[PDB]
$ cat my_file06.json   # JSON, C-alpha atoms
[["chain", "number", "residue", "atom", "x", "y", "z"],
["A", 1, "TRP", "CA", -150.38, -23.00, 31.53],
["A", 2, "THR", "CA", -149.45, -23.16, 35.27],
["A", 3, "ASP", "CA", -148.18, -20.54, 37.78],
["A", 4, "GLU", "CA", -145.16, -22.84, 38.55],
["A", 5, "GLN", "CA", -144.23, -23.15, 34.79],
["A", 6, "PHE", "CA", -143.86, -19.33, 34.73],
["A", 7, "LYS", "CA", -142.18, -19.45, 38.20],
["A", 8, "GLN", "CA", -139.19, -21.49, 36.80],
["A", 9, "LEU", "CA", -138.38, -18.75, 34.25],
["A", 10, "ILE", "CA", -136.09, -15.75, 34.58],
["A", 11, "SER", "CA", -136.96, -12.24, 35.74],
["A", 12, "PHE", "CA", -135.49, -8.98, 36.98],
["A", 13, "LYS", "CA", -135.30, -8.07, 40.65],
["A", 14, "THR", "CA", -135.84, -4.39, 41.19],
["A", 15, "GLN", "CA", -137.98, -2.21, 43.49],
["A", 16, "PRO", "CA", -139.29, 0.45, 40.97],
["A", 17, "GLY", "CA", -140.70, 3.79, 42.19],
["A", 18, "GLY", "CA", -144.17, 5.30, 41.71],
["A", 19, "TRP", "CA", -143.62, 6.02, 37.98],
["A", 20, "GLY", "CA", -142.70, 2.35, 37.32],
["A", 21, "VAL", "CA", -138.97, 2.99, 36.83],
["A", 22, "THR", "CA", -135.78, 2.15, 38.75],
["A", 23, "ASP", "CA", -133.52, 5.17, 39.25],
["A", 24, "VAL", "CA", -129.83, 4.75, 38.43],
["A", 25, "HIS", "CA", -127.70, 7.37, 40.17],
["A", 26, "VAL", "CA", -124.84, 8.54, 37.93],
["A", 27, "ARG", "CA", -122.16, 11.04, 39.04],
["A", 28, "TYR", "CA", -121.09, 13.64, 36.48],
["A", 29, "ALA", "CA", -117.36, 14.00, 37.32],
["A", 30, "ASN", "CA", -114.69, 14.48, 34.54],
["A", 31, "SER", "CA", -116.96, 11.95, 32.75],
["A", 32, "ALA", "CA", -120.45, 10.66, 33.60],
["A", 33, "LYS", "CA", -119.71, 6.91, 33.71],
["A", 34, "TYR", "CA", -121.31, 4.25, 35.93],
["A", 35, "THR", "CA", -121.90, 0.48, 35.66],
["A", 36, "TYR", "CA", -125.29, -0.46, 37.07],
["A", 37, "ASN", "CA", -125.75, -4.14, 38.05],
["A", 38, "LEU", "CA", -129.31, -5.17, 37.29],
["A", 39, "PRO", "CA", -130.22, -8.33, 39.35],
["A", 40, "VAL", "CA", -131.57, -11.35, 37.44],
["A", 41, "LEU", "CA", -133.51, -14.12, 39.31],
["A", 42, "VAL", "CA", -134.15, -17.75, 38.31],
["A", 43, "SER", "CA", -137.32, -18.75, 40.22],
["A", 44, "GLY", "CA", -136.52, -22.39, 39.29],
["A", 45, "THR", "CA", -130.55, -29.08, 36.07],
["A", 46, "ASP", "CA", -129.40, -27.33, 32.80],
["A", 47, "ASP", "CA", -127.40, -24.15, 31.97],
["A", 48, "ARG", "CA", -129.64, -21.25, 30.91],
["A", 49, "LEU", "CA", -128.78, -19.07, 27.92],
["A", 50, "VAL", "CA", -130.50, -15.77, 28.69],
["A", 51, "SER", "CA", -131.08, -12.91, 26.25],
["A", 52, "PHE", "CA", -131.52, -9.21, 27.07],
["A", 53, "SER", "CA", -132.95, -6.71, 24.71],
["A", 54, "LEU", "CA", -134.20, -3.20, 24.43],
["A", 55, "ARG", "CA", -138.01, -3.59, 24.69],
["A", 56, "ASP", "CA", -139.46, -1.43, 21.87],
["A", 57, "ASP", "CA", -143.12, -1.23, 23.19],
["A", 58, "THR", "CA", -142.66, -0.64, 26.96],
["A", 59, "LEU", "CA", -142.34, 3.12, 27.10],
["A", 60, "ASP", "CA", -145.36, 3.93, 24.99],
["A", 61, "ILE", "CA", -147.54, 1.86, 27.36],
["A", 62, "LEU", "CA", -145.87, 3.03, 30.62],
["A", 63, "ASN", "CA", -146.07, 6.70, 29.46],
["A", 64, "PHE", "CA", -149.78, 6.58, 28.66],
["A", 65, "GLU", "CA", -150.71, 4.52, 31.73],
["A", 66, "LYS", "CA", -148.77, 6.86, 34.09],
["A", 67, "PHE", "CA", -149.32, 10.24, 32.42],
["A", 68, "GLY", "CA", -152.29, 9.99, 30.08],
["A", 69, "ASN", "CA", -152.36, 12.54, 27.22],
["A", 70, "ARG", "CA", -149.46, 14.64, 28.54],
["A", 71, "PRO", "CA", -146.51, 13.96, 26.17],
["A", 72, "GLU", "CA", -144.44, 16.66, 27.90],
["A", 73, "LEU", "CA", -144.19, 14.29, 30.94],
["A", 74, "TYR", "CA", -143.17, 11.19, 28.95],
["A", 75, "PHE", "CA", -139.98, 9.23, 29.34],
["A", 76, "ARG", "CA", -137.91, 9.23, 26.16],
["A", 77, "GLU", "CA", -135.93, 6.18, 25.13],
["A", 78, "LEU", "CA", -132.30, 6.62, 26.17],
["A", 79, "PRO", "CA", -130.25, 6.70, 22.87],
["A", 80, "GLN", "CA", -127.86, 3.78, 22.31],
["A", 81, "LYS", "CA", -124.71, 5.95, 22.41],
["A", 82, "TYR", "CA", -125.30, 6.41, 26.17],
["A", 83, "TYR", "CA", -125.18, 2.77, 27.23],
["A", 84, "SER", "CA", -123.90, -0.74, 26.63],
["A", 85, "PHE", "CA", -124.94, -4.12, 27.97],
["A", 86, "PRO", "CA", -124.26, -7.74, 26.89],
["A", 87, "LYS", "CA", -127.11, -9.22, 24.79],
["A", 88, "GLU", "CA", -126.55, -12.69, 26.29],
["A", 89, "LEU", "CA", -125.49, -14.40, 29.51],
["A", 90, "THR", "CA", -125.15, -18.00, 30.63],
["A", 91, "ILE", "CA", -126.61, -18.79, 34.07],
["A", 92, "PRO", "CA", -125.00, -22.11, 35.19],
["A", 93, "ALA", "CA", -127.18, -24.96, 36.53],
["A", 94, "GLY", "CA", -127.43, -24.69, 40.34],
["A", 95, "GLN", "CA", -127.11, -20.83, 40.24],
["A", 96, "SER", "CA", -130.45, -19.00, 40.78],
["A", 97, "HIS", "CA", -129.06, -15.48, 40.43],
["A", 98, "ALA", "CA", -127.19, -13.41, 37.82],
["A", 99, "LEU", "CA", -126.32, -9.78, 37.07],
["A", 100, "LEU", "CA", -126.77, -7.73, 33.95],
["A", 101, "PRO", "CA", -124.05, -5.05, 33.98],
["A", 102, "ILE", "CA", -125.19, -1.90, 32.16],
["A", 103, "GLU", "CA", -122.41, 0.60, 31.44],
["A", 104, "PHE", "CA", -123.84, 4.11, 31.29],
["A", 105, "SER", "CA", -121.77, 6.83, 29.52],
["A", 106, "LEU", "CA", -123.82, 10.02, 29.88],
["A", 107, "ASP", "CA", -121.47, 12.87, 28.91],
["A", 108, "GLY", "CA", -123.54, 15.48, 27.12],
["A", 109, "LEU", "CA", -126.92, 13.92, 28.10],
["A", 110, "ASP", "CA", -129.68, 16.59, 28.08],
["A", 111, "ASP", "CA", -130.87, 16.61, 31.69],
["A", 112, "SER", "CA", -133.97, 18.68, 30.84],
["A", 113, "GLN", "CA", -135.52, 15.42, 29.46],
["A", 114, "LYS", "CA", -136.56, 12.23, 31.32],
["A", 115, "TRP", "CA", -134.67, 9.32, 29.76],
["A", 116, "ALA", "CA", -135.39, 5.65, 30.22],
["A", 117, "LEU", "CA", -133.92, 2.31, 29.18],
["A", 118, "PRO", "CA", -136.59, -0.45, 28.92],
["A", 119, "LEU", "CA", -135.06, -3.97, 29.04],
["A", 120, "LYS", "CA", -136.58, -7.40, 28.82],
["A", 121, "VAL", "CA", -135.08, -10.77, 29.76],
["A", 122, "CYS", "CA", -136.00, -13.90, 27.66],
["A", 123, "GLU", "CA", -134.84, -17.45, 26.82],
["A", 124, "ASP", "CA", -134.81, -18.07, 23.06],
["A", 125, "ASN", "CA", -139.52, -19.85, 24.53],
["A", 126, "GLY", "CA", -142.96, -18.26, 23.88],
["A", 127, "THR", "CA", -143.84, -18.47, 27.61],
["A", 128, "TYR", "CA", -141.96, -15.11, 28.06],
["A", 129, "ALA", "CA", -144.79, -13.36, 26.15],
["A", 130, "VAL", "CA", -147.43, -14.50, 28.74],
["A", 131, "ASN", "CA", -148.12, -12.22, 31.77],
["A", 132, "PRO", "CA", -144.75, -10.38, 31.28],
["A", 133, "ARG", "CA", -145.71, -7.67, 33.80],
["A", 134, "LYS", "CA", -146.80, -10.12, 36.56],
["A", 135, "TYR", "CA", -143.50, -12.03, 36.26],
["A", 136, "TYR", "CA", -141.22, -8.95, 36.09],
["A", 137, "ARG", "CA", -139.69, -9.83, 32.69],
["A", 138, "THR", "CA", -139.05, -6.10, 31.95],
["A", 139, "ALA", "CA", -137.14, -3.42, 33.93],
["A", 140, "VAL", "CA", -137.19, 0.30, 33.08],
["A", 141, "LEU", "CA", -134.07, 2.21, 34.17],
["A", 142, "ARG", "CA", -134.02, 6.01, 34.57],
["A", 143, "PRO", "CA", -130.52, 7.62, 34.82],
["A", 144, "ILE", "CA", -130.36, 10.40, 37.47],
["A", 145, "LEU", "CA", -127.30, 12.60, 36.98],
["A", 146, "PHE", "CA", -125.75, 14.29, 40.01],
["A", 147, "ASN", "CA", -122.73, 16.41, 40.79],
["A", 148, "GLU", "CA", -121.51, 18.26, 43.96],
["A", 149, "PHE", "CA", -123.97, 21.12, 43.27],
["A", 150, "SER", "CA", -127.09, 19.44, 41.93],
["A", 151, "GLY", "CA", -130.47, 18.33, 43.17],
["A", 152, "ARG", "CA", -133.31, 19.59, 45.28],
["A", 153, "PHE", "CA", -132.49, 23.05, 46.65],
["A", 154, "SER", "CA", -134.63, 25.21, 48.95],
["A", 155, "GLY", "CA", -136.12, 27.90, 46.70],
["A", 156, "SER", "CA", -138.22, 29.99, 49.14],
["A", 157, "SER", "CA", -135.58, 32.78, 49.29],
["A", 158, "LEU", "CA", -135.50, 33.18, 45.44],
["A", 159, "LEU", "CA", -138.35, 35.68, 45.09],
["A", 160, "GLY", "CA", -140.23, 36.23, 41.86],
["A", 161, "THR", "CA", -141.61, 39.76, 41.37],
["A", 162, "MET", "CA", -142.50, 42.05, 38.50],
["A", 163, "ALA", "CA", -139.48, 43.83, 36.97],
["A", 164, "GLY", "CA", -139.20, 47.21, 38.73],
["A", 165, "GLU", "CA", -141.25, 46.28, 41.87],
["A", 166, "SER", "CA", -140.72, 44.15, 45.02],
["A", 167, "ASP", "CA", -144.28, 42.81, 45.52],
["A", 168, "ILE", "CA", -143.90, 39.01, 45.69],
["A", 169, "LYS", "CA", -145.62, 37.32, 42.71],
["A", 170, "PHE", "CA", -144.24, 33.81, 42.97],
["A", 171, "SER", "CA", -141.71, 31.46, 44.64],
["A", 172, "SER", "CA", -141.13, 27.70, 44.86],
["A", 173, "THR", "CA", -140.31, 25.74, 48.02],
["A", 174, "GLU", "CA", -138.03, 23.48, 45.97],
["A", 175, "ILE", "CA", -135.93, 24.35, 42.93],
["A", 176, "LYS", "CA", -134.12, 21.48, 41.20],
["A", 177, "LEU", "CA", -130.61, 22.09, 39.84],
["A", 178, "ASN", "CA", -130.18, 19.84, 36.77],
["A", 179, "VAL", "CA", -126.77, 18.68, 35.57],
["A", 180, "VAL", "CA", -124.77, 19.89, 32.53],
["A", 181, "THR", "CA", -121.16, 19.11, 33.67],
["A", 182, "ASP", "CA", -119.44, 18.56, 37.03],
["A", 183, "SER", "CA", -119.59, 22.39, 37.70],
["A", 184, "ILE", "CA", -122.45, 23.69, 35.47],
["A", 185, "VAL", "CA", -126.12, 23.18, 36.34],
["A", 186, "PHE", "CA", -129.38, 24.79, 35.30],
["A", 187, "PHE", "CA", -132.70, 25.51, 36.92],
["A", 188, "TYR", "CA", -135.85, 26.93, 35.36],
["A", 189, "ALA", "CA", -137.02, 30.52, 35.81],
["A", 190, "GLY", "CA", -140.71, 31.46, 36.32],
["A", 191, "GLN", "CA", -141.82, 28.47, 38.44],
["A", 192, "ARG", "CA", -141.05, 26.02, 35.60],
["A", 193, "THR", "CA", -140.16, 22.41, 36.51],
["A", 194, "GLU", "CA", -139.58, 19.07, 34.75],
["A", 195, "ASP", "CA", -143.45, 18.95, 34.37],
["A", 196, "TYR", "CA", -143.79, 22.12, 32.26],
["A", 197, "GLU", "CA", -144.08, 21.76, 28.51],
["A", 198, "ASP", "CA", -142.26, 25.09, 27.88],
["A", 199, "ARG", "CA", -139.47, 24.47, 30.46],
["A", 200, "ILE", "CA", -136.46, 24.55, 28.03],
["A", 201, "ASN", "CA", -137.35, 28.20, 27.19],
["A", 202, "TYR", "CA", -136.77, 29.14, 30.88],
["A", 203, "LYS", "CA", -133.41, 27.47, 31.51],
["A", 204, "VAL", "CA", -130.99, 29.54, 33.64],
["A", 205, "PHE", "CA", -127.44, 28.21, 33.89],
["A", 206, "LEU", "CA", -125.18, 28.42, 36.95],
["A", 207, "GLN", "CA", -121.48, 27.73, 36.98],
["A", 208, "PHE", "CA", -119.68, 27.00, 40.26],
["A", 209, "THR", "CA", -116.11, 28.25, 39.79],
["A", 210, "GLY", "CA", -113.12, 27.39, 41.93],
["A", 211, "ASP", "CA", -112.21, 31.11, 42.25],
["A", 212, "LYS", "CA", -112.52, 32.99, 45.57],
["A", 213, "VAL", "CA", -114.30, 36.37, 45.63],
["A", 214, "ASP", "CA", -111.74, 37.63, 48.20],
["A", 215, "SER", "CA", -108.55, 35.63, 48.91],
["A", 216, "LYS", "CA", -109.13, 36.35, 52.66],
["A", 217, "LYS", "CA", -112.68, 34.82, 52.71],
["A", 218, "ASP", "CA", -114.36, 31.56, 51.58],
["A", 219, "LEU", "CA", -116.96, 32.99, 49.12],
["A", 220, "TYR", "CA", -116.60, 31.60, 45.60],
["A", 221, "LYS", "CA", -117.48, 33.21, 42.25],
["A", 222, "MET", "CA", -120.19, 31.96, 39.89],
["A", 223, "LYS", "CA", -121.38, 32.62, 36.36],
["A", 224, "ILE", "CA", -125.09, 32.95, 35.53],
["A", 225, "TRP", "CA", -126.58, 33.08, 32.03],
["A", 226, "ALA", "CA", -129.39, 32.07, 29.67],
["A", 227, "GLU", "CA", -129.22, 30.59, 26.17],
["A", 228, "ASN", "CA", -132.80, 31.57, 25.12],
["A", 229, "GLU", "CA", -132.66, 35.13, 23.64],
["A", 230, "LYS", "CA", -136.52, 35.37, 23.98],
["A", 231, "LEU", "CA", -136.15, 35.28, 27.82],
["A", 232, "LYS", "CA", -134.57, 38.79, 27.64],
["A", 233, "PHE", "CA", -132.41, 37.54, 30.54],
["A", 234, "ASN", "CA", -130.63, 40.42, 32.28],
["A", 235, "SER", "CA", -128.53, 39.76, 35.41],
["A", 236, "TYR", "CA", -127.62, 42.57, 37.85],
["A", 237, "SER", "CA", -125.05, 40.62, 39.87],
["A", 238, "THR", "CA", -122.83, 37.62, 39.52],
["A", 239, "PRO", "CA", -123.94, 35.10, 42.15],
["A", 240, "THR", "CA", -121.62, 33.77, 44.90],
["A", 241, "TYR", "CA", -121.57, 30.55, 46.90],
["A", 242, "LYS", "CA", -120.21, 28.99, 50.05],
["A", 243, "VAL", "CA", -119.69, 25.30, 50.73],
["A", 244, "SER", "CA", -119.27, 23.88, 54.25],
["A", 245, "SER", "CA", -119.62, 20.54, 55.99],
["A", 246, "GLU", "CA", -119.78, 19.29, 59.54],
["A", 247, "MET", "CA", -120.31, 15.90, 61.11],
["A", 248, "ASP", "CA", -123.53, 15.40, 63.09],
["A", 249, "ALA", "CA", -123.11, 15.88, 66.87],
["A", 250, "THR", "CA", -124.84, 12.58, 67.79],
["A", 251, "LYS", "CA", -124.83, 10.42, 64.54],
["A", 252, "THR", "CA", -121.09, 10.68, 64.07],
["A", 253, "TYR", "CA", -121.16, 8.82, 60.68],
["A", 254, "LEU", "CA", -123.57, 11.44, 59.32],
["A", 255, "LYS", "CA", -122.17, 14.39, 57.38],
["A", 256, "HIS", "CA", -124.13, 17.62, 56.87],
["A", 257, "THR", "CA", -123.06, 19.37, 53.66],
["A", 258, "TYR", "CA", -124.33, 22.92, 52.99],
["A", 259, "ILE", "CA", -124.23, 24.89, 49.75],
["A", 260, "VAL", "CA", -125.58, 28.42, 49.91],
["A", 261, "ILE", "CA", -125.93, 30.51, 46.71],
["A", 262, "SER", "CA", -126.42, 34.27, 47.09],
["A", 263, "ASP", "CA", -126.58, 37.44, 45.00],
["A", 264, "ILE", "CA", -128.97, 36.12, 42.32],
["A", 265, "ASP", "CA", -130.79, 39.07, 40.70],
["A", 266, "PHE", "CA", -132.11, 38.90, 37.16],
["A", 267, "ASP", "CA", -134.91, 40.09, 34.97],
["A", 268, "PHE", "CA", -136.60, 37.73, 32.49],
["A", 269, "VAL", "CA", -139.76, 37.61, 30.46],
["A", 270, "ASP", "CA", -142.51, 34.98, 30.59],
["A", 271, "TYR", "CA", -143.72, 35.08, 26.96],
["A", 272, "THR", "CA", -145.68, 31.77, 26.98],
["A", 273, "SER", "CA", -147.98, 31.55, 30.11],
["A", 274, "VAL", "CA", -150.45, 34.21, 29.06],
["A", 275, "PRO", "CA", -152.00, 33.99, 25.59],
["A", 276, "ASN", "CA", -150.52, 36.62, 23.22],
["A", 277, "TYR", "CA", -148.91, 38.45, 26.12],
["A", 278, "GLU", "CA", -145.57, 38.94, 27.92],
["A", 279, "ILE", "CA", -144.88, 39.38, 31.64],
["A", 280, "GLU", "CA", -141.67, 41.14, 32.70],
["A", 281, "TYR", "CA", -140.46, 39.44, 35.84],
["A", 282, "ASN", "CA", -137.43, 39.41, 38.13],
["A", 283, "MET", "CA", -135.99, 36.73, 40.42],
["A", 284, "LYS", "CA", -133.85, 37.92, 43.34],
["A", 285, "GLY", "CA", -132.34, 36.23, 46.32],
["A", 286, "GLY", "CA", -130.60, 32.96, 46.89],
["A", 287, "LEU", "CA", -130.75, 29.17, 47.01],
["A", 288, "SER", "CA", -129.52, 26.60, 49.46],
["A", 289, "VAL", "CA", -129.11, 22.88, 49.93],
["A", 290, "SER", "CA", -128.60, 20.99, 53.19],
["A", 291, "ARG", "CA", -127.50, 17.39, 52.49],
["A", 292, "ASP", "CA", -127.48, 14.53, 55.04],
["A", 293, "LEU", "CA", -124.94, 11.98, 53.91],
["A", 294, "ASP", "CA", -124.23, 8.65, 55.51],
["A", 295, "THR", "CA", -120.44, 8.57, 55.07],
["A", 296, "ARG", "CA", -120.48, 4.73, 55.43],
["A", 297, "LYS", "CA", -122.34, 4.36, 52.11],
["A", 298, "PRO", "CA", -121.37, 5.14, 48.50],
["A", 299, "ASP", "CA", -122.85, 8.40, 47.06],
["A", 300, "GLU", "CA", -125.12, 6.40, 44.71],
["A", 301, "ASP", "CA", -126.70, 4.51, 47.65],
["A", 302, "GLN", "CA", -127.70, 7.67, 49.57],
["A", 303, "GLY", "CA", -131.38, 8.24, 50.23],
["A", 304, "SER", "CA", -133.34, 11.37, 49.25],
["A", 305, "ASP", "CA", -132.05, 13.24, 52.39],
["A", 306, "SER", "CA", -128.82, 13.65, 50.26],
["A", 307, "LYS", "CA", -131.04, 16.01, 48.18],
["A", 308, "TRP", "CA", -129.37, 14.70, 44.95],
["A", 309, "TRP", "CA", -132.74, 12.96, 44.25]]
$ encode --input "my_file06.json" --output "structure tokens"
Amino acid sequence: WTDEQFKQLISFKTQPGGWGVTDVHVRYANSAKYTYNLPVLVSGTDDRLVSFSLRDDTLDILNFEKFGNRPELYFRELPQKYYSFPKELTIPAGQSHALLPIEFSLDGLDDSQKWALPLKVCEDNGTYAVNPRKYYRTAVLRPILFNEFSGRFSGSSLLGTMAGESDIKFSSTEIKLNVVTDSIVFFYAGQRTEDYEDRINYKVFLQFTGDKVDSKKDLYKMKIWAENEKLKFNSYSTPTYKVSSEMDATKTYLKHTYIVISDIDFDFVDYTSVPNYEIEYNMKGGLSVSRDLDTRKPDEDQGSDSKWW
């Protein structure tokens, strides 16, 4: 075996993040459809018949190596109904690049879970089973849903207290709004995040309606609710929101988009943090997002200052 013999074979060309995955940004509009083009490289006379397959052992290894014995943090294999990709491609002689188009169709995807699609490239040649990690034979794609109202919101003004009192008990600097549809999101009550094992129990849904509070003003109505009856969710006001944008004064291609949610006020119970006990809490206040968007780039190519990711 030689380094050059393995550097004449085919690989994927991605820049994966800290958790070993490549994020694929997918807008949830009327549908949640996006074709992601995964780059293929030939590091070195004949046409190549390349095969692509779901790699059945990748996630179990990546999950343990990144998260240890914490199954609540693990990536789950994205079910087959959510994607399609060709199993084969011909790379002509003289061409050192190719693209694997993956069509994602994520309507109804549960955004409380971390999904991943592990893919390996091969030539049907046992040399693809040697040092597969070193030679980037496998890519792991993580779909990130987004809509106009989703992502990393400021949470410091959404104050957690005991029910009946105003003494501050908890708050979070960031509260992520996860996607359900183009207008419905959810966040987690009681400081829960994507990293909490019991997070589904604390889901609080928000719906951004297109209805004005007052025809003369630009406040818009919302719905707020919970599905978990054990939360004993009880809201005292329907939230409202305002959406505004302005172009930056000096970077004239840069758009600032603001969403401010107000009038959140609900009681809920934390029945899982404390052994054999229940805490009656309340969250009151609001949420906000301030996005920086480079209007010269597609939405999916925005950086994290977009706050969608």
$ closest_atom_pairs --input "my_file06.json" --of "stretch 47-117 of chain A" --to "stretch 171-186 of chain A" --cutoff "10 Å" --atoms "all atoms listed in the file" --output "tab-separated table"
residue	atom	partner	partner_atom	distance
A:107	CA	A:181	CA	7.9
A:108	CA	A:180	CA	7.1
A:109	CA	A:180	CA	7.7
A:110	CA	A:180	CA	7.4
A:111	CA	A:179	CA	6.0
A:112	CA	A:178	CA	7.1
$ write_last_selection --input "my_file06.json" --atoms "C-alpha atoms" --output "short mmCIF file (atom, residue, chain, number, x, y, z; two decimals), keeping the file's coordinate frame"
data_model
loop_
_atom_site.label_atom_id
_atom_site.label_comp_id
_atom_site.auth_asym_id
_atom_site.auth_seq_id
_atom_site.Cartn_x
_atom_site.Cartn_y
_atom_site.Cartn_z
CA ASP A 107 -121.47 12.87 28.91
CA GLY A 108 -123.54 15.48 27.12
CA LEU A 109 -126.92 13.92 28.10
CA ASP A 110 -129.68 16.59 28.08
CA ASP A 111 -130.87 16.61 31.69
CA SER A 112 -133.97 18.68 30.84
#
$ closest_atom_pairs --input "my_file06.json" --of "stretch 138-169 of chain A" --to "stretch 52-67 of chain A" --cutoff "12 Å" --atoms "only C-alpha atoms" --output "tab-separated table"
residue	atom	partner	partner_atom	distance
A:138	CA	A:55	CA	7.8
A:139	CA	A:55	CA	9.3
A:140	CA	A:58	CA	8.3
A:141	CA	A:59	CA	10.9
A:142	CA	A:59	CA	11.5
$ closest_residue --input "my_file06.json" --among "A:255, A:297, A:199, A:137" --to "residue A:7" --atoms "only C-alpha atoms"
A:137
$ residues_around --input "my_file06.json" --residues "residue A:168" --least-positions-apart "5" --cutoff "10 Å" --atoms "all atoms listed in the file" --output "PDB file with C-alpha atoms, in the frame of the given file"
ATOM      1  CA  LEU A 159    -138.350  35.680  45.090  1.00  0.00           C
ATOM      2  CA  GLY A 160    -140.230  36.230  41.860  1.00  0.00           C
ATOM      3  CA  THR A 161    -141.610  39.760  41.370  1.00  0.00           C
ATOM      4  CA  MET A 162    -142.500  42.050  38.500  1.00  0.00           C
ATOM      5  CA  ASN A 282    -137.430  39.410  38.130  1.00  0.00           C
ATOM      6  CA  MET A 283    -135.990  36.730  40.420  1.00  0.00           C
TER       7      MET A 283
END
$ residues_near_point --input "my_file06.json" --point "(-128.9, -11.4, 23.0)" --cutoff "6 Å" --atoms "all atoms listed in the file" --output "PyMOL selection string"
chain A and resi 51-52+87-88
$ atom_distance --input "my_file06.json" --atom1 "atom CA of residue A:206" --atom2 "atom CA of residue A:188"
10.9 Å
$ atom_distance --input "my_file06.json" --atom1 "atom CA of residue A:270" --atom2 "atom CA of residue A:231"
6.9 Å
$ closest_residue --input "my_file06.json" --among "A:230, A:145, A:20, A:266" --to "residue A:278" --atoms "all atoms listed in the file"
A:230
$ closest_residue --input "my_file06.json" --among "A:99, A:229, A:27, A:45" --to "residue A:14" --atoms "only C-alpha atoms"
A:99
$ build_atoms --input "my_file06.json" --residues "stretch 110-123 of chain A" --atoms "N, CA, C and O atoms" --output "short mmCIF file (atom, residue, chain, number, x, y, z; two decimals), in the coordinates of the input"
data_model
loop_
_atom_site.label_atom_id
_atom_site.label_comp_id
_atom_site.auth_asym_id
_atom_site.auth_seq_id
_atom_site.Cartn_x
_atom_site.Cartn_y
_atom_site.Cartn_z
N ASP A 110 -128.81 15.44 27.78
CA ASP A 110 -129.68 16.59 28.08
C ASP A 110 -130.52 16.29 29.31
O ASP A 110 -131.51 15.58 29.22
N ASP A 111 -130.17 16.89 30.45
CA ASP A 111 -130.87 16.61 31.69
C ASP A 111 -132.19 17.36 31.83
O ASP A 111 -132.83 17.26 32.88
N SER A 112 -132.65 18.06 30.78
CA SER A 112 -133.97 18.68 30.84
C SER A 112 -135.07 17.64 30.45
O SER A 112 -136.28 17.90 30.60
N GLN A 113 -134.64 16.48 29.91
CA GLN A 113 -135.52 15.42 29.46
C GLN A 113 -135.45 14.23 30.39
O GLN A 113 -134.43 14.04 31.03
N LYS A 114 -136.54 13.45 30.48
CA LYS A 114 -136.56 12.23 31.32
C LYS A 114 -136.22 11.07 30.41
O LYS A 114 -137.00 10.79 29.49
N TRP A 115 -135.09 10.42 30.62
CA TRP A 115 -134.67 9.32 29.76
C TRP A 115 -134.92 7.99 30.42
O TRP A 115 -134.78 7.86 31.65
N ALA A 116 -135.20 6.97 29.62
CA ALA A 116 -135.39 5.65 30.22
C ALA A 116 -134.89 4.56 29.30
O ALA A 116 -134.97 4.68 28.08
N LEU A 117 -134.42 3.48 29.90
CA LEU A 117 -133.92 2.31 29.18
C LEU A 117 -134.79 1.09 29.56
O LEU A 117 -134.69 0.59 30.69
N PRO A 118 -135.70 0.68 28.64
CA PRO A 118 -136.59 -0.45 28.92
C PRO A 118 -135.95 -1.76 28.46
O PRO A 118 -135.57 -1.89 27.30
N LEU A 119 -135.77 -2.73 29.37
CA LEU A 119 -135.06 -3.97 29.04
C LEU A 119 -135.86 -5.17 29.37
O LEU A 119 -136.41 -5.22 30.47
N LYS A 120 -135.86 -6.18 28.50
CA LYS A 120 -136.58 -7.40 28.82
C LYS A 120 -135.62 -8.58 28.80
O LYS A 120 -134.73 -8.62 27.96
N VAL A 121 -135.84 -9.53 29.69
CA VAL A 121 -135.08 -10.77 29.76
C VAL A 121 -135.95 -11.89 29.18
O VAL A 121 -137.16 -11.94 29.46
N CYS A 122 -135.34 -12.79 28.36
CA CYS A 122 -136.00 -13.90 27.66
C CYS A 122 -135.06 -15.10 27.57
O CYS A 122 -133.87 -14.96 27.83
N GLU A 123 -135.57 -16.23 27.15
CA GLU A 123 -134.84 -17.45 26.82
C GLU A 123 -135.35 -17.83 25.46
O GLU A 123 -136.58 -17.86 25.28
#
